[PDB]
Amino acid sequence: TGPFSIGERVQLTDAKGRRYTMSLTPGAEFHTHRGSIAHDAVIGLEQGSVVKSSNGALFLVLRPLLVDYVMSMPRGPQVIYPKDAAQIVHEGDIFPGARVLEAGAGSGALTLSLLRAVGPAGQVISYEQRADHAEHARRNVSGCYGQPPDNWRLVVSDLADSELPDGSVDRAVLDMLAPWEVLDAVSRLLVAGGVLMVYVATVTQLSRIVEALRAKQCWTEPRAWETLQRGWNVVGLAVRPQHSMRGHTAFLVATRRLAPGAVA
Ligand SMILES: C[S@@+](CC[C@H](N)C(=O)[O-])C[C@H]1O[C@@H](n2cnc3c(N)ncnc32)[C@H](O)[C@@H]1O
């Protein structure tokens, strides 16, 4: 992508790690607590450059990675965390060209990883039953690209009421309070062999969705797990895990769709 251009998102990091994000606009002045930075001074610079404020405070300038962008969007429905989005893409096998169904669009954080994984030849169909939440996702997804992707369909309705054709999606991902309520729709929509990933914060949700999947009888035995992420301090002889860590985000569940009338 080269040097910074107009319209681009830029991440600024001051001398003690606070991150600031802006959209480059000629003539605009970016304001922080360590001074102000002119957008005109950043437009044209190479990534990884250090700019100086109006008060001399030094700032590192970089293009945000998708994970940086997703974690700094406006307040709204809780975004999925990076370790979980990574495994949804990977264990959910979101392949190039896939047709993916998603429900809860929420803030669109997972949506952006799903769109990146399927690429221009694939498609993402996201349901968001709340109109207000949907506007957040729509705004966040467009803000990553500069415009609405043409391979993204956002449907403002309950997924349970979906009218899409049978077997029209290759992969499905659910992040909502009550995923068992949309399982009949998912079972109809997802093709044979298709992968379903479910993200649930509590063990009561976890048990209920795994048992609902088994009761529907058209799914492989569900696989359920959690991941814990722990940062490390690696400074001279002081090499040790960090003292604070996030204890939990949510559990993951993976299952695959059986063929019409198959058992095992
Ligand atoms: C936890 S948020 C999803 C966050 C999303 N994974 C992201 O990273 O931003 C759950 C979303 O699912 C939505 N929702 C819940 N049940 C739904 C249903 N049956 N159909 C469609 N949307 C639903 C909620 O309105 C909420 O916006």
# chains A, B, ... in the order shown; residues from 1 in each chain; ligands from 1
>>> select_by_dssp(residues="range 46-247 of chain A", states="strand (DSSP E or B)", output="PyMOL selection string")
chain A and resi 49-52+58-62+99-103+123-127+152-155+169-175+190-200+219+223-225+232-235+238-241
>>> residues_around(residues="range 80-92 of chain A", least_positions_apart="5", cutoff="10 Å", atoms="only C-alpha atoms", output="PyMOL selection string")
chain A and resi 66-68+70-71+106-114+116-118+171-175+194-199+226-229+248-256
>>> write_last_selection(atoms="C-alpha atoms", output="short mmCIF file (atom, residue, chain, number, x, y, z; two decimals), in the first residue's frame")
data_model
loop_
_atom_site.label_atom_id
_atom_site.label_comp_id
_atom_site.auth_asym_id
_atom_site.auth_seq_id
_atom_site.Cartn_x
_atom_site.Cartn_y
_atom_site.Cartn_z
CA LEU A 66 -7.29 -5.51 10.68
CA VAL A 67 -7.12 -6.62 14.33
CA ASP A 68 -6.11 -3.08 15.36
CA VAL A 70 -11.55 -4.00 14.71
CA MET A 71 -10.51 -3.30 18.31
CA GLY A 106 -23.32 -6.88 16.04
CA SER A 107 -20.51 -4.37 15.53
CA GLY A 108 -19.21 -6.15 12.38
CA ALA A 109 -15.84 -7.13 13.92
CA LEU A 110 -16.17 -10.82 13.01
CA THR A 111 -17.82 -9.80 9.70
CA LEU A 112 -14.55 -8.11 8.60
CA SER A 113 -12.53 -11.32 9.22
CA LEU A 114 -15.16 -13.35 7.36
CA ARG A 116 -11.29 -11.02 4.28
CA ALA A 117 -11.25 -14.85 4.36
CA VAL A 118 -13.83 -15.44 1.58
CA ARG A 171 -20.26 -22.16 6.29
CA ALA A 172 -22.18 -20.63 9.20
CA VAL A 173 -21.10 -18.74 12.30
CA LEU A 174 -23.31 -17.82 15.25
CA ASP A 175 -22.60 -15.26 17.97
CA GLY A 194 -20.82 -27.50 5.86
CA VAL A 195 -19.15 -26.15 9.02
CA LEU A 196 -21.05 -24.42 11.78
CA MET A 197 -19.13 -22.48 14.48
CA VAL A 198 -20.93 -21.27 17.62
CA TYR A 199 -19.53 -18.66 20.05
CA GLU A 226 -11.80 -22.66 25.18
CA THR A 227 -8.46 -20.90 24.72
CA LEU A 228 -6.64 -18.82 27.34
CA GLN A 229 -4.11 -16.23 26.09
CA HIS A 248 -12.14 -15.54 29.44
CA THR A 249 -13.98 -14.28 26.35
CA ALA A 250 -16.22 -17.14 25.23
CA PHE A 251 -16.33 -20.85 24.43
CA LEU A 252 -16.25 -22.18 20.87
CA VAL A 253 -18.24 -25.00 19.35
CA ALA A 254 -17.67 -26.64 15.98
CA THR A 255 -19.92 -29.14 14.18
CA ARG A 256 -20.54 -30.26 10.57
#
>>> residues_near_ligand(ligand="ligand 1", cutoff="7 Å", atoms="only C-alpha atoms and all ligand atoms", output="PyMOL selection string")
chain A and resi 77-80+103-111+127-130+133+157-160+175-179+181-182
>>> atom_distance(atom1="CA of residue 233 in chain A", atom2="CA of residue 10 in chain A")
27.5 Å
>>> closest_residue(among="A:153, A:138, A:75, A:33", to="residue 124 in chain A", atoms="only C-alpha atoms")
A:153
>>> select_by_dssp(residues="range 155-242 of chain A", states="alpha helix (DSSP H)", output="list in words")
residues 183, 184, 185, 186, 187, 188, 189, 203, 204, 205, 206, 207, 208, 209, 210, 211, 212, 213, 214, 215 and 216 of chain A
>>> write_last_selection(atoms="C-alpha atoms", output="CSV table (one decimal), in the first residue's frame")
chain,number,residue,atom,x,y,z
A,183,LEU,CA,-30.8,-23.8,14.5
A,184,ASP,CA,-33.7,-25.0,12.3
A,185,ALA,CA,-32.9,-22.1,9.9
A,186,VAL,CA,-29.2,-22.9,10.0
A,187,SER,CA,-29.7,-26.6,9.5
A,188,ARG,CA,-31.9,-25.8,6.4
A,189,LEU,CA,-29.5,-23.2,5.0
A,203,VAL,CA,-21.4,-22.7,30.2
A,204,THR,CA,-25.2,-22.7,30.4
A,205,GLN,CA,-25.4,-21.5,26.8
A,206,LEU,CA,-22.7,-24.0,25.9
A,207,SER,CA,-24.6,-27.0,27.3
A,208,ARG,CA,-27.9,-25.9,25.7
A,209,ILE,CA,-26.5,-25.4,22.2
A,210,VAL,CA,-24.5,-28.7,22.2
A,211,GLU,CA,-27.6,-30.6,23.4
A,212,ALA,CA,-29.8,-28.8,20.9
A,213,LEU,CA,-27.4,-29.8,18.1
A,214,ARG,CA,-27.4,-33.4,19.2
A,215,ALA,CA,-31.3,-33.4,19.4
A,216,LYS,CA,-31.6,-32.0,15.9
>>> closest_residue(among="A:139, A:156, A:170, A:13", to="residue 123 in chain A", atoms="only C-alpha atoms")
A:170
>>> residues_around(residues="residue 121 in chain A", least_positions_apart="6", cutoff="9 Å", atoms="only C-alpha atoms", output="PDB file with N, CA and C atoms, in the first residue's frame")
ATOM      1  N   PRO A  96     -11.604 -19.338   0.515  1.00  0.00           N
ATOM      2  CA  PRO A  96     -11.743 -18.363  -0.564  1.00  0.00           C
ATOM      3  C   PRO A  96     -12.876 -18.772  -1.488  1.00  0.00           C
ATOM      4  N   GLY A  97     -13.857 -17.907  -1.734  1.00  0.00           N
ATOM      5  CA  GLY A  97     -14.981 -18.333  -2.581  1.00  0.00           C
ATOM      6  C   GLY A  97     -16.146 -18.886  -1.776  1.00  0.00           C
ATOM      7  N   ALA A  98     -15.994 -19.079  -0.448  1.00  0.00           N
ATOM      8  CA  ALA A  98     -17.114 -19.614   0.321  1.00  0.00           C
ATOM      9  C   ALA A  98     -18.280 -18.644   0.419  1.00  0.00           C
ATOM     10  N   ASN A 151     -19.812  -7.728  -1.769  1.00  0.00           N
ATOM     11  CA  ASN A 151     -20.070  -9.149  -1.526  1.00  0.00           C
ATOM     12  C   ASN A 151     -20.545  -9.382  -0.092  1.00  0.00           C
TER      13      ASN A 151
END
>>> closest_residue(among="A:20, A:6, A:257, A:238", to="residue 222 in chain A", atoms="only C-alpha atoms")
A:257
>>> closest_residue(among="A:9, A:99, A:39, A:243", to="residue 22 in chain A", atoms="only C-alpha atoms")
A:9
>>> closest_residue(among="A:202, A:47, A:23, A:55", to="residue 2 in chain A", atoms="only C-alpha atoms")
A:47
